Structures are given as structure tokens and as C-alpha cells.
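Read the single chain below, which is given as C-alpha cells and is the form deposited in one PDB entry.
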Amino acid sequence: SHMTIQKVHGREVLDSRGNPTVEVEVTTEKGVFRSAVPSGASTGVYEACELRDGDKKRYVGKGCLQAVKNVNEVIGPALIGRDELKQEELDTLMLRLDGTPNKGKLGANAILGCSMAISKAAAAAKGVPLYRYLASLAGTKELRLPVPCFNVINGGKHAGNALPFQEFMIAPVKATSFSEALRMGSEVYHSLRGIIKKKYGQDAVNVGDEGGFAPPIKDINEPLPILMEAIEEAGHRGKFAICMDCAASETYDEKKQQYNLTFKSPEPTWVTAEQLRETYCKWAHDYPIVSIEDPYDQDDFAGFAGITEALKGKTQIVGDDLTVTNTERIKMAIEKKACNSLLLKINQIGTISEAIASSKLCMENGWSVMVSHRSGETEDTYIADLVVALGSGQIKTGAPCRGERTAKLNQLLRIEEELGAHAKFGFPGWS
């Protein structure tokens, strides 16, 4: 009877780039449950509304005071006295309280932290860790520790360099435990620093938004041999796969219908999609490239489809800006066989219930699901419990560097330890 939501409180906190974001605390008799909202830099146009203040006098327009106010004065008062166990009911209340398709009234950033923190309070009421609670909500038959995909050379909007494509990842697919995966990842990362420093010098080993090295590289092919060399030097030959996120929307010009591979440089380098596919097929034959995210513009369903079929069985194609963790956009991707993997970003959609529905839809149609961070992260570790709960076997959450990335990896170590040596690890299709 006294087992309901007692208090809801939002505040403005800083993310890992130093920009304001929203954090929410749900207080019950079982404690104070705290969830912070991440923020993207390379954001799809179809993402749910991230609500900013636009006051040029605070954080040059990036304050989240309005979203915080919406938590404190609108959403909070509606949740007091409510049964936190009713995830779908409460998520649906919050959708209706908003009343708009994109969460543009209240903000996906106001709503999401409430959604998240409600589920923490509920897990606690059930007497189970978050990952167990969410796996019941998602109807997951089998927990697993995922293979981490470590963005170790950073480009695009996440890094100070000419490099046009955003993410060059290494994934220890042949590890047999999360423990071993994390150590192998870290070990290759440390070898990679020496390789980059020798090749490009001292000034090349500083880090991007996601903890990856940001070398002075322009050419999109150039990182790949450096990744293989790092893998080998660490003692891990044969044990790794490569994952790519091109984030190609960031380079696309809609009026020219072409991709600028030097958009962060003075002169432009225009490239057709048919010249992009030549490059991708060449990646996939040359390297253990098991995943390619956003190989095309977020509305190029045809390019997406073409490359999903030409690489079927070798290389999964991941919708991120394409799908934006949204069942409507997913349904279009399914219909056109545009891709075969979902990048799941809770803040692309804005409720836990919706993000879970997105995962179930995609896995029912045979896709994989890679739970993801945003490039602007916090100390929050929700996505660690979330990927385990969904049983998907794939997470990208950064290089093994920078606390807003390592916090997630460490939370995965804790979950691992709780589940014991019988706990499943990895993505079966890559193992």
C-alpha cells in the first residue's frame, strides 16, 4: 500500500562532452533510483525530440531546464502514488501526457529518464537486479553477456581530424567470456596507441568523444590495416572481427545526391553511392568485417537493401539513423529488406516500453540487435543491464577508455560475476 512512487525529481547534469542533459530520480520506500539521459551528435532526423532551452546565455542554447521543469511539474506529479511495476501503463501515460508523435511537447529527454528510473524502482520492488527485471518485461528466454564493439579509431563528428566516417571498431568475437573480451579489447587498444604514435607521431594519440584515437587520417580505408596490426601485436590474431559505423548521413548532400568524404576539410570530395558499395564489398572481402552500420543516408532504403543482400551471411547491415529505434521506421526497413540489424538507442525513441517493442519486433523478423550508447554519454550504466536483459549478444559502448564508456563495461563485469561461469557470452553467429 505504501509500495508506490513517493517522489519524482529531475535535474540538469553534464554529459561527457560537458553539455547539459537530464537526470531523473524516482524515490520509493526501497530507495532513490537514478537514471540520466544520453545525447547524440550525429542524430538522425527521425529521432524523438531532444528538448533544449535555446538560451544563448546558458551553455550557448544547450540548457535542459525546460525538460527538467516538465519532469518536475508535469510528469512527476502524475507518477506520485502510482505502482512502478506497471511499466507499460506508465510509459503509455507519459506518451499520452505528451500527446505528440515525436515527444515534442514534453521532450523525449524528460520522458526517458522517468521511464528508465521507474524500471529501476520496479526491479527493486520485485527484489531482482535491473537486467532480470527487464528480461521479464522483454520476455527474454536466455540472458547473455554481449560481445563489445570498441570504437577505437574515431572520425566524423566525434573527432578532430579529416576522417569522414565515424566509427572503426574492433570486436573480440572469439573470446569465451566477457572478462576475456574486455581484457583483449583493452590490450589491442594499448598496442594501437603505440602503432598510431609511431606512424603519425605523438600528437596523433589523443582521443575522440568515444575514447578512440583520433589520428590525422583523411582516407576511409587507412584505419583498417592499423586495426589488424594492433590485433596481431597484442597476441590476438584470429580472435577479432571489425565493426564499422559510417554514419553516412553526416556526409550526404541531398541536393547533389552524393557523399562528401572530406566535409571537415576545405575542399570537397564527392562520391556516388555506387562508389561507396565498391568500397564496402572490398572491406568485407579484405577484412573480418562482420558489421557495417549506416552505410548510406538515413532515407536511402534502396542503397541499404542492395548492400544487405550483396553482403548477406558475411556482414550484417545495421540501421541506426535509418531505423531510429522506432517500430514505424523498422516496419519500412523490414518491408524493403533494407537492413538486418537494429542499433537500439533508448533515447532515439524515448520510453523503455517502446525500445523493448523495437527489439522484439526486430528479433522476431530475424535481425540482430546491438544495444548502443550515444556519443554524449554519462556515468549512467542502464544499457549494460539492458543488453544483458535483451539477450542480444552485441553492445557498442565505446573504446575501453573514458569513464562514460568504461562505466558500462565495468557494469557488464558485475553482471557477469552475478550470473556465474555457466552464463552465455557473445554473438553466436560471430563465435
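Rigid core (definition): largest C-alpha set, two forms, superposition within 1.5 Å. The first residue of the shown sequence is 1; numbering continues from there.
- When the C-alpha B-factors of 89-97 and 196-204 are averaged, 196-204 comes out higher.
- Relative to one another, 287-295 and 258-266 have unequal mean CA B-factors, and 258-266 is the one with the higher figure.
- Of the candidates 111, 80, 334, 152, the deposited coordinates give 334 the top C-alpha B factor.
- As recorded in the PDB entry, 56 shows the highest C-alpha B-factor of the residues 69, 374, 52, 56.
- Annotation for residue 325: CA B-factor lies in the middle third of the chain's modelled residues.
- Among the modelled residues of its chain, residue 279 has a C-alpha B-factor that falls in the highest third according to the deposited record.
- Annotation for residue 84: C-alpha temperature factor in the middle third relative to the rest of the modelled chain, per the entry.
- Among the modelled residues of the chain, residue 419 sits in the middle third by CA temperature factor in this PDB entry.
- Placement of the Cα temperature factor of residue 354 within the chain: lowest third of the modelled residues, per the deposited record.
Below: the form deposited in another entry, not depicted.
- Compared between the shown form and the other one on the core, the listed residues 235, 101, 160, 127 keep their C-alpha shifts below 2 Å, save 160.
- Once both forms are fitted on their rigid core, the CA atom of residue 45 lies 2 Å or more apart between the shown form and the other one.
- Core-superposed comparison between the shown form and the other one: the CA of residue 218 exceeds or equals a 2 Å shift.
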